Amino acid sequence: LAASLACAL
């Protein structure tokens with residue numbers, strides 16, 4: 001989940 005947020009942004 002953490003990585004997904006950073007990736008999306």
# chains A, B, ... in the order shown; residues from 1 in each chain; ligands from 1
call {"tool": "select_by_dssp", "arguments": {"residues": "chain A", "states": "helix (DSSP H, G or I)", "output": "VMD selection string"}}
result
chain A and resid 2 to 8
